[PDB]
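K.L.:
Dropping in target15.cif, with mmCIF, C-alpha atoms and all ligand atoms.
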data_work
loop_
_atom_site.label_atom_id
_atom_site.label_comp_id
_atom_site.auth_asym_id
_atom_site.auth_seq_id
_atom_site.Cartn_x
_atom_site.Cartn_y
_atom_site.Cartn_z
CA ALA A 1 -5.42 29.01 -8.02
CA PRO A 2 -6.43 28.64 -11.71
CA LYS A 3 -9.60 29.99 -13.32
CA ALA A 4 -13.08 28.49 -12.99
CA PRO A 5 -14.15 27.13 -16.40
CA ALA A 6 -17.40 28.11 -18.11
CA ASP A 7 -20.59 26.14 -17.49
CA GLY A 8 -21.50 23.10 -19.54
CA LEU A 9 -18.36 21.26 -18.48
CA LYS A 10 -19.00 17.66 -19.48
CA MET A 11 -17.81 14.90 -17.16
CA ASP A 12 -17.88 12.05 -19.67
CA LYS A 13 -15.65 9.21 -18.49
CA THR A 14 -18.71 6.94 -18.39
CA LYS A 15 -21.90 6.05 -20.27
CA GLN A 16 -23.88 8.40 -18.04
CA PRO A 17 -22.10 11.75 -18.54
CA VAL A 18 -22.95 14.59 -16.18
CA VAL A 19 -22.69 18.33 -16.79
CA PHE A 20 -20.99 20.38 -14.08
CA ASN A 21 -21.69 24.10 -13.81
CA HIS A 22 -19.28 26.15 -11.70
CA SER A 23 -21.71 29.10 -11.62
CA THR A 24 -24.23 27.17 -9.53
CA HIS A 25 -21.48 26.23 -7.07
CA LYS A 26 -20.09 29.75 -6.54
CA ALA A 27 -20.95 29.59 -2.83
CA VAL A 28 -18.63 26.61 -2.35
CA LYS A 29 -14.93 27.22 -1.67
CA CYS A 30 -12.75 26.07 -4.58
CA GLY A 31 -10.67 23.89 -2.26
CA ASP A 32 -13.70 21.93 -1.05
CA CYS A 33 -13.75 20.16 -4.42
CA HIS A 34 -10.23 20.80 -5.69
CA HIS A 35 -8.94 19.40 -2.40
CA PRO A 36 -5.37 19.31 -1.05
CA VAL A 37 -2.94 16.69 -2.35
CA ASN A 38 0.57 16.72 -0.91
CA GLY A 39 -0.36 19.86 1.01
CA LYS A 40 -1.69 21.92 -1.90
CA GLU A 41 -5.16 22.28 -3.41
CA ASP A 42 -5.07 20.25 -6.62
CA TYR A 43 -6.83 21.56 -9.72
CA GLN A 44 -6.17 18.69 -12.14
CA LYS A 45 -9.01 16.66 -13.64
CA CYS A 46 -10.44 14.31 -11.01
CA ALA A 47 -9.61 11.21 -13.06
CA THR A 48 -6.04 12.28 -13.85
CA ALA A 49 -3.54 9.41 -13.79
CA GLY A 50 -2.68 8.72 -10.16
CA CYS A 51 -5.89 10.33 -8.94
CA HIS A 52 -9.44 8.93 -9.21
CA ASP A 53 -8.63 7.01 -12.40
CA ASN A 54 -10.27 3.63 -11.78
CA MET A 55 -13.66 3.27 -13.46
CA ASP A 56 -14.56 0.08 -11.59
CA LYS A 57 -17.94 0.67 -9.92
CA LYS A 58 -16.90 -1.28 -6.84
CA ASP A 59 -13.60 0.50 -6.14
CA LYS A 60 -14.07 2.47 -2.91
CA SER A 61 -10.43 3.53 -2.53
CA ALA A 62 -8.94 6.90 -3.48
CA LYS A 63 -8.63 5.51 -7.00
CA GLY A 64 -12.38 5.03 -7.37
CA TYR A 65 -13.83 7.60 -9.75
CA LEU A 66 -17.50 6.83 -9.09
CA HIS A 67 -16.88 6.58 -5.34
CA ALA A 68 -15.59 10.15 -5.30
CA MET A 69 -18.77 11.44 -6.95
CA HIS A 70 -21.45 9.42 -5.16
CA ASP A 71 -20.58 8.12 -1.69
CA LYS A 72 -21.24 9.39 1.82
CA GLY A 73 -18.83 9.30 4.76
CA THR A 74 -15.98 10.62 2.64
CA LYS A 75 -13.22 12.99 3.82
CA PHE A 76 -14.41 15.60 1.33
CA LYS A 77 -18.11 15.83 0.49
CA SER A 78 -18.86 14.06 -2.80
CA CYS A 79 -21.38 15.44 -5.31
CA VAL A 80 -24.19 13.35 -3.86
CA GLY A 81 -22.90 13.70 -0.30
CA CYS A 82 -23.07 17.49 -0.36
CA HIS A 83 -26.37 17.48 -2.23
CA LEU A 84 -27.91 15.23 0.42
CA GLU A 85 -27.13 17.83 3.09
CA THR A 86 -28.40 20.62 0.84
CA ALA A 87 -31.70 18.89 0.10
CA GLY A 88 -32.40 17.89 3.69
CA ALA A 89 -35.92 16.51 4.11
CA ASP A 90 -37.16 18.23 0.96
CA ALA A 91 -38.19 15.26 -1.20
CA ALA A 92 -38.41 17.43 -4.31
CA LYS A 93 -34.85 18.70 -3.90
CA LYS A 94 -33.65 15.22 -2.98
CA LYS A 95 -34.98 13.90 -6.29
CA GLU A 96 -33.51 16.82 -8.23
CA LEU A 97 -30.08 16.72 -6.58
CA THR A 98 -29.54 13.12 -5.45
CA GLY A 99 -31.78 10.88 -7.57
CA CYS A 100 -30.14 8.09 -9.56
CA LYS A 101 -32.71 8.73 -12.28
CA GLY A 102 -34.88 11.73 -13.06
CA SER A 103 -32.37 14.05 -11.39
CA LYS A 104 -30.37 17.01 -12.68
CA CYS A 105 -27.35 14.72 -12.88
CA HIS A 106 -28.93 11.66 -14.52
CA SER A 107 -32.15 12.33 -16.44
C1 LIG B 1 -17.15 21.40 -6.62
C2 LIG B 1 -18.38 21.72 -5.89
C3 LIG B 1 -16.37 22.37 -7.26
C4 LIG B 1 -16.14 23.70 -6.89
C5 LIG B 1 -16.73 24.48 -5.72
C6 LIG B 1 -15.24 24.19 -7.82
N1 LIG B 1 -15.02 23.29 -8.78
FE1 LIG B 1 -13.68 23.51 -10.41
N2 LIG B 1 -14.36 21.66 -11.15
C7 LIG B 1 -15.12 20.79 -10.51
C8 LIG B 1 -15.27 19.65 -11.26
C9 LIG B 1 -16.10 18.43 -10.93
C10 LIG B 1 -14.49 19.85 -12.40
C11 LIG B 1 -14.23 18.90 -13.55
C12 LIG B 1 -12.89 18.20 -13.40
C13 LIG B 1 -12.64 17.15 -14.46
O1 LIG B 1 -12.27 16.02 -14.08
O2 LIG B 1 -12.81 17.46 -15.66
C14 LIG B 1 -13.90 21.09 -12.25
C15 LIG B 1 -12.93 21.64 -13.11
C16 LIG B 1 -12.14 22.79 -12.95
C17 LIG B 1 -11.09 23.22 -13.75
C18 LIG B 1 -10.55 22.62 -15.04
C19 LIG B 1 -9.73 21.36 -14.81
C20 LIG B 1 -9.04 20.88 -16.07
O3 LIG B 1 -9.72 20.35 -16.97
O4 LIG B 1 -7.81 21.04 -16.17
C21 LIG B 1 -10.56 24.33 -13.12
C22 LIG B 1 -9.33 25.13 -13.53
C23 LIG B 1 -11.35 24.60 -12.03
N3 LIG B 1 -12.28 23.66 -11.96
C24 LIG B 1 -11.22 25.69 -11.15
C25 LIG B 1 -12.03 26.08 -10.07
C26 LIG B 1 -11.89 27.22 -9.30
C27 LIG B 1 -10.78 28.26 -9.46
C28 LIG B 1 -12.95 27.20 -8.39
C29 LIG B 1 -13.35 28.18 -7.48
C30 LIG B 1 -13.14 29.60 -7.69
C31 LIG B 1 -13.59 25.98 -8.57
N4 LIG B 1 -13.08 25.38 -9.64
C32 LIG B 1 -14.62 25.45 -7.76
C33 LIG B 1 -15.69 21.01 -9.24
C34 LIG B 1 -15.68 22.18 -8.45
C1 LIG B 2 -4.97 13.49 -7.72
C2 LIG B 2 -3.91 14.48 -7.90
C3 LIG B 2 -6.24 13.89 -7.30
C4 LIG B 2 -7.05 14.86 -7.88
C5 LIG B 2 -6.75 15.82 -9.03
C6 LIG B 2 -8.25 14.78 -7.21
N1 LIG B 2 -8.13 13.96 -6.17
FE1 LIG B 2 -9.69 13.49 -4.84
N2 LIG B 2 -8.34 12.36 -3.71
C7 LIG B 2 -7.06 12.15 -4.00
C8 LIG B 2 -6.44 11.51 -2.94
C9 LIG B 2 -5.03 10.97 -2.92
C10 LIG B 2 -7.38 11.50 -1.92
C11 LIG B 2 -7.17 11.21 -0.45
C12 LIG B 2 -6.55 12.39 0.28
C13 LIG B 2 -6.50 12.20 1.78
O1 LIG B 2 -6.10 13.16 2.48
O2 LIG B 2 -6.85 11.11 2.26
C14 LIG B 2 -8.57 11.90 -2.50
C15 LIG B 2 -9.86 11.85 -1.91
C16 LIG B 2 -11.09 12.34 -2.39
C17 LIG B 2 -12.34 12.15 -1.80
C18 LIG B 2 -12.69 11.42 -0.52
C19 LIG B 2 -12.45 9.93 -0.62
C20 LIG B 2 -12.84 9.18 0.64
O3 LIG B 2 -12.74 9.77 1.74
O4 LIG B 2 -13.22 8.00 0.54
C21 LIG B 2 -13.26 12.74 -2.66
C22 LIG B 2 -14.77 12.78 -2.50
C23 LIG B 2 -12.53 13.28 -3.70
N3 LIG B 2 -11.23 13.06 -3.50
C24 LIG B 2 -13.07 13.96 -4.81
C25 LIG B 2 -12.39 14.60 -5.87
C26 LIG B 2 -12.97 15.27 -6.94
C27 LIG B 2 -14.45 15.42 -7.21
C28 LIG B 2 -11.91 15.77 -7.70
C29 LIG B 2 -11.98 16.62 -8.81
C30 LIG B 2 -12.75 17.86 -8.73
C31 LIG B 2 -10.75 15.29 -7.10
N4 LIG B 2 -11.06 14.62 -5.99
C32 LIG B 2 -9.43 15.45 -7.58
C33 LIG B 2 -6.43 12.56 -5.19
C34 LIG B 2 -6.92 13.43 -6.19
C1 LIG B 3 -21.40 21.08 -1.91
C2 LIG B 3 -20.18 20.94 -1.11
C3 LIG B 3 -21.53 20.61 -3.22
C4 LIG B 3 -20.72 19.71 -3.92
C5 LIG B 3 -19.45 18.97 -3.50
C6 LIG B 3 -21.32 19.57 -5.17
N1 LIG B 3 -22.39 20.36 -5.24
FE1 LIG B 3 -23.72 20.44 -6.87
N2 LIG B 3 -24.80 21.94 -5.90
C7 LIG B 3 -24.59 22.37 -4.67
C8 LIG B 3 -25.54 23.32 -4.34
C9 LIG B 3 -25.60 24.12 -3.05
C10 LIG B 3 -26.40 23.37 -5.43
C11 LIG B 3 -27.68 24.14 -5.67
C12 LIG B 3 -28.87 23.57 -4.92
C13 LIG B 3 -30.18 23.84 -5.62
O1 LIG B 3 -31.25 23.57 -5.04
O2 LIG B 3 -30.14 24.33 -6.77
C14 LIG B 3 -25.90 22.50 -6.36
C15 LIG B 3 -26.49 22.23 -7.61
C16 LIG B 3 -26.12 21.31 -8.59
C17 LIG B 3 -26.82 21.04 -9.74
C18 LIG B 3 -28.07 21.77 -10.21
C19 LIG B 3 -27.74 23.08 -10.90
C20 LIG B 3 -26.97 22.86 -12.19
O3 LIG B 3 -25.80 23.29 -12.26
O4 LIG B 3 -27.53 22.26 -13.13
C21 LIG B 3 -26.14 20.00 -10.37
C22 LIG B 3 -26.54 19.28 -11.65
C23 LIG B 3 -25.03 19.76 -9.59
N3 LIG B 3 -25.03 20.56 -8.53
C24 LIG B 3 -24.01 18.83 -9.84
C25 LIG B 3 -22.87 18.50 -9.09
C26 LIG B 3 -21.92 17.56 -9.45
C27 LIG B 3 -21.91 16.73 -10.73
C28 LIG B 3 -21.01 17.54 -8.39
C29 LIG B 3 -19.82 16.80 -8.26
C30 LIG B 3 -19.01 16.45 -9.41
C31 LIG B 3 -21.47 18.45 -7.45
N4 LIG B 3 -22.56 19.03 -7.91
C32 LIG B 3 -20.89 18.73 -6.20
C33 LIG B 3 -23.56 21.92 -3.84
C34 LIG B 3 -22.54 20.99 -4.09
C1 LIG B 4 -24.91 14.37 -9.44
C2 LIG B 4 -25.06 15.14 -8.21
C3 LIG B 4 -25.11 12.98 -9.46
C4 LIG B 4 -26.16 12.26 -8.90
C5 LIG B 4 -27.36 12.79 -8.16
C6 LIG B 4 -25.89 10.93 -9.17
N1 LIG B 4 -24.78 10.84 -9.90
FE1 LIG B 4 -24.12 9.10 -10.88
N2 LIG B 4 -22.55 10.19 -11.74
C7 LIG B 4 -22.23 11.46 -11.47
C8 LIG B 4 -21.04 11.78 -12.10
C9 LIG B 4 -20.24 13.07 -11.93
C10 LIG B 4 -20.74 10.67 -12.88
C11 LIG B 4 -19.64 10.46 -13.89
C12 LIG B 4 -19.93 11.13 -15.22
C13 LIG B 4 -18.92 10.73 -16.28
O1 LIG B 4 -19.33 10.13 -17.30
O2 LIG B 4 -17.72 11.02 -16.07
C14 LIG B 4 -21.68 9.71 -12.61
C15 LIG B 4 -21.71 8.41 -13.14
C16 LIG B 4 -22.51 7.32 -12.79
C17 LIG B 4 -22.42 6.03 -13.29
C18 LIG B 4 -21.55 5.52 -14.43
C19 LIG B 4 -22.36 4.76 -15.48
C20 LIG B 4 -21.54 3.73 -16.22
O3 LIG B 4 -20.99 4.04 -17.30
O4 LIG B 4 -21.44 2.59 -15.72
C21 LIG B 4 -23.29 5.26 -12.51
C22 LIG B 4 -23.49 3.76 -12.57
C23 LIG B 4 -23.93 6.15 -11.66
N3 LIG B 4 -23.49 7.37 -11.89
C24 LIG B 4 -24.90 5.84 -10.68
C25 LIG B 4 -25.64 6.67 -9.82
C26 LIG B 4 -26.52 6.24 -8.84
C27 LIG B 4 -26.77 4.80 -8.44
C28 LIG B 4 -27.09 7.40 -8.32
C29 LIG B 4 -28.05 7.50 -7.31
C30 LIG B 4 -27.70 7.10 -5.95
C31 LIG B 4 -26.47 8.47 -8.96
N4 LIG B 4 -25.58 8.00 -9.83
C32 LIG B 4 -26.66 9.84 -8.73
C33 LIG B 4 -23.02 12.31 -10.68
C34 LIG B 4 -24.25 12.05 -10.03
#
Let me see the structure of the file written as structure tokens.
Ligand code: HEC
Ligand code: HEC
Ligand code: HEC
Ligand code: HEC
P.N.:
Amino acid sequence: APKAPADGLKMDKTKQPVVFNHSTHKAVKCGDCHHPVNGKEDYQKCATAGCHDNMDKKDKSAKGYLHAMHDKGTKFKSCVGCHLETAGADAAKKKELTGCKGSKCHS
């Protein structure tokens, strides 16, 4: 159980970096994102060696970095997956939280 970093955290493993703010996700349990690995919630960087370290856009295994941030039907809600539920039928929120362009993730 480490300490939540300050906002402005830059996820920049790709050419479309995204800023993650812990403050806006205060209502979400730490473990929902820093999920269990070998029985214990893991707080290492998502793309740590052995984790989601493959940058291949088509890798849908546990090694797929982009898969972990965008896809639905995953064991743990991904960024987009959780945002889809949050936005519901609200088209404005869907654009803001799940859009591939013109969203708060990818301008
Ligand atoms: C998802 C909705 C998250 C919630 C809720 C919490 N965190 Fe988080 N955190 C998240 C991401 C996407 C990242 C970036 C990881 C990366 O690959 O760089 C982080 C990062 C951290 C870190 C720093 C990791 C490092 O660089 O070593 C820590 C220590 C951390 N987060 C802690 C933390 C705690 C204690 C939370 C709840 C109280 C918590 N986070 C929630 C995503 C999410
Ligand atoms: C290695 C130590 C990892 C770290 C750090 C993170 N994850 Fe992970 N993830 C890892 C494994 C081995 C697994 C599967 C665990 C299982 O019980 O099956 C996963 C899985 C996910 C998933 C779901 C994948 C799917 O069902 O297709 C997501 C969405 C996911 N992980 C996201 C995620 C994020 C955003 C992380 C950083 C905040 C993160 N994980 C760290 C291994 C490791
Ligand atoms: C739920 C389980 C979530 C996961 C996983 C992630 N996010 Fe999220 N996020 C969530 C909520 C409930 C909200 C607020 C909704 C609203 O209408 O404001 C958000 C908001 C954001 C935002 C906008 C606010 C901001 O910090 O700029 C962004 C850009 C954002 N979230 C990004 C993000 C990323 C990159 C995630 C995975 C790495 C991610 N979120 C996961 C709920 C949840
Ligand atoms: C936040 C909730 C996001 C939304 C909405 C979408 N994406 Fe995303 N994307 C997100 C993260 C956390 C990252 C990684 C940031 C980093 O640099 O580490 C990404 C990355 C991508 C990339 C990589 C670009 C490249 O270099 O090839 C692609 C291709 C991408 N994202 C596509 C994409 C699509 C198709 C989306 C709509 C369905 C979309 N993203 C939304 C977070 C978020």
K.L.:
Contacts of stretch 75-86 of chain A at 10 Å or less, counting only C-alpha atoms, minus same-chain residues fewer than 2 places along, as a ChimeraX atom specification?
P.N.:
/A:31-35,66-73,88-90,93-100,105
K.L.:
For the atom pair atom CA of residue A:37 and atom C28 of ligand LIG 2 (chain B), what is the interatomic distance in Å to one decimal place?
P.N.:
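It comes out at 10.5 Å.
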K.L.:
Box in all listed atoms of stretch 36-51 of chain A, axis-aligned, with 8 Å more on each side; write out centre and edge lengths in Å to one decimal as JSON.
P.N.:
{"center_x": -4.9, "center_y": 15.5, "center_z": -6.4, "size_x": 27.0, "size_y": 29.6, "size_z": 30.9}
K.L.:
Rounded to one decimal in Å, what is the spacing between atom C15 of ligand LIG 1 (chain B) and atom CA of residue A:40?
P.N.:
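Interatomic distance here is 15.9 Å.
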K.L.:
Take stretch 1-19 of chain A, bring it up to N, CA, C and O atoms, and give me the output as a PDB file, keeping the file's coordinate frame.
P.N.:
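Ended up saving to result21.pdb:
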ATOM      1  N   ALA A   1      -4.096  28.329  -7.896  1.00  0.00           N
ATOM      2  CA  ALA A   1      -5.420  29.010  -8.020  1.00  0.00           C
ATOM      3  C   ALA A   1      -5.698  29.393  -9.470  1.00  0.00           C
ATOM      4  O   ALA A   1      -5.531  30.549  -9.859  1.00  0.00           O
ATOM      5  N   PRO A   2      -6.121  28.419 -10.292  1.00  0.00           N
ATOM      6  CA  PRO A   2      -6.430  28.640 -11.710  1.00  0.00           C
ATOM      7  C   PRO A   2      -7.707  29.461 -11.896  1.00  0.00           C
ATOM      8  O   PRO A   2      -8.077  30.255 -11.032  1.00  0.00           O
ATOM      9  N   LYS A   3      -8.376  29.263 -13.028  1.00  0.00           N
ATOM     10  CA  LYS A   3      -9.600  29.990 -13.320  1.00  0.00           C
ATOM     11  C   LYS A   3     -10.765  29.020 -13.492  1.00  0.00           C
ATOM     12  O   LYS A   3     -10.632  27.996 -14.160  1.00  0.00           O
ATOM     13  N   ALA A   4     -11.903  29.345 -12.888  1.00  0.00           N
ATOM     14  CA  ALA A   4     -13.080  28.490 -12.990  1.00  0.00           C
ATOM     15  C   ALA A   4     -13.583  28.461 -14.429  1.00  0.00           C
ATOM     16  O   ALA A   4     -13.876  29.503 -15.017  1.00  0.00           O
ATOM     17  N   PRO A   5     -13.680  27.260 -15.021  1.00  0.00           N
ATOM     18  CA  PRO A   5     -14.150  27.130 -16.400  1.00  0.00           C
ATOM     19  C   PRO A   5     -15.622  27.503 -16.570  1.00  0.00           C
ATOM     20  O   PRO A   5     -16.374  27.572 -15.596  1.00  0.00           O
ATOM     21  N   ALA A   6     -16.024  27.749 -17.812  1.00  0.00           N
ATOM     22  CA  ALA A   6     -17.400  28.110 -18.110  1.00  0.00           C
ATOM     23  C   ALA A   6     -18.318  26.929 -17.838  1.00  0.00           C
ATOM     24  O   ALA A   6     -17.858  25.791 -17.716  1.00  0.00           O
ATOM     25  N   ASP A   7     -19.616  27.197 -17.742  1.00  0.00           N
ATOM     26  CA  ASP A   7     -20.590  26.140 -17.490  1.00  0.00           C
ATOM     27  C   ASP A   7     -20.669  25.193 -18.678  1.00  0.00           C
ATOM     28  O   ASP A   7     -20.126  25.468 -19.750  1.00  0.00           O
ATOM     29  N   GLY A   8     -21.356  24.073 -18.479  1.00  0.00           N
ATOM     30  CA  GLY A   8     -21.500  23.100 -19.540  1.00  0.00           C
ATOM     31  C   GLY A   8     -20.355  22.114 -19.579  1.00  0.00           C
ATOM     32  O   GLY A   8     -20.245  21.318 -20.512  1.00  0.00           O
ATOM     33  N   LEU A   9     -19.499  22.166 -18.562  1.00  0.00           N
ATOM     34  CA  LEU A   9     -18.360  21.260 -18.480  1.00  0.00           C
ATOM     35  C   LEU A   9     -18.898  19.837 -18.427  1.00  0.00           C
ATOM     36  O   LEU A   9     -19.642  19.477 -17.513  1.00  0.00           O
ATOM     37  N   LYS A  10     -18.520  19.031 -19.411  1.00  0.00           N
ATOM     38  CA  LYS A  10     -19.000  17.660 -19.480  1.00  0.00           C
ATOM     39  C   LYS A  10     -18.058  16.645 -18.843  1.00  0.00           C
ATOM     40  O   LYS A  10     -16.900  16.509 -19.238  1.00  0.00           O
ATOM     41  N   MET A  11     -18.566  15.953 -17.828  1.00  0.00           N
ATOM     42  CA  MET A  11     -17.810  14.900 -17.160  1.00  0.00           C
ATOM     43  C   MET A  11     -18.295  13.674 -17.917  1.00  0.00           C
ATOM     44  O   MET A  11     -19.405  13.193 -17.691  1.00  0.00           O
ATOM     45  N   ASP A  12     -17.474  13.182 -18.839  1.00  0.00           N
ATOM     46  CA  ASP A  12     -17.880  12.050 -19.670  1.00  0.00           C
ATOM     47  C   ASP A  12     -16.928  10.862 -19.704  1.00  0.00           C
ATOM     48  O   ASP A  12     -16.572  10.389 -20.781  1.00  0.00           O
ATOM     49  N   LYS A  13     -16.532  10.364 -18.541  1.00  0.00           N
ATOM     50  CA  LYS A  13     -15.650   9.210 -18.490  1.00  0.00           C
ATOM     51  C   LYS A  13     -16.484   7.934 -18.556  1.00  0.00           C
ATOM     52  O   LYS A  13     -15.950   6.842 -18.756  1.00  0.00           O
ATOM     53  N   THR A  14     -17.799   8.083 -18.399  1.00  0.00           N
ATOM     54  CA  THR A  14     -18.710   6.940 -18.390  1.00  0.00           C
ATOM     55  C   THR A  14     -19.843   7.038 -19.413  1.00  0.00           C
ATOM     56  O   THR A  14     -19.891   7.962 -20.224  1.00  0.00           O
ATOM     57  N   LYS A  15     -20.762   6.077 -19.359  1.00  0.00           N
ATOM     58  CA  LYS A  15     -21.900   6.050 -20.270  1.00  0.00           C
ATOM     59  C   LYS A  15     -23.059   6.903 -19.770  1.00  0.00           C
ATOM     60  O   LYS A  15     -24.106   6.987 -20.412  1.00  0.00           O
ATOM     61  N   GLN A  16     -22.867   7.530 -18.615  1.00  0.00           N
ATOM     62  CA  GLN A  16     -23.880   8.400 -18.040  1.00  0.00           C
ATOM     63  C   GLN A  16     -23.218   9.732 -17.712  1.00  0.00           C
ATOM     64  O   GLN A  16     -23.102  10.110 -16.547  1.00  0.00           O
ATOM     65  N   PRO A  17     -22.762  10.458 -18.745  1.00  0.00           N
ATOM     66  CA  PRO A  17     -22.100  11.750 -18.540  1.00  0.00           C
ATOM     67  C   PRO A  17     -22.956  12.733 -17.755  1.00  0.00           C
ATOM     68  O   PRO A  17     -24.188  12.707 -17.824  1.00  0.00           O
ATOM     69  N   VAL A  18     -22.284  13.594 -17.000  1.00  0.00           N
ATOM     70  CA  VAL A  18     -22.950  14.590 -16.180  1.00  0.00           C
ATOM     71  C   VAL A  18     -22.327  15.960 -16.431  1.00  0.00           C
ATOM     72  O   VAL A  18     -21.106  16.087 -16.530  1.00  0.00           O
ATOM     73  N   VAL A  19     -23.169  16.980 -16.546  1.00  0.00           N
ATOM     74  CA  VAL A  19     -22.690  18.330 -16.790  1.00  0.00           C
ATOM     75  C   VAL A  19     -22.478  19.071 -15.470  1.00  0.00           C
ATOM     76  O   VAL A  19     -23.377  19.122 -14.629  1.00  0.00           O
TER      77      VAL A  19
END
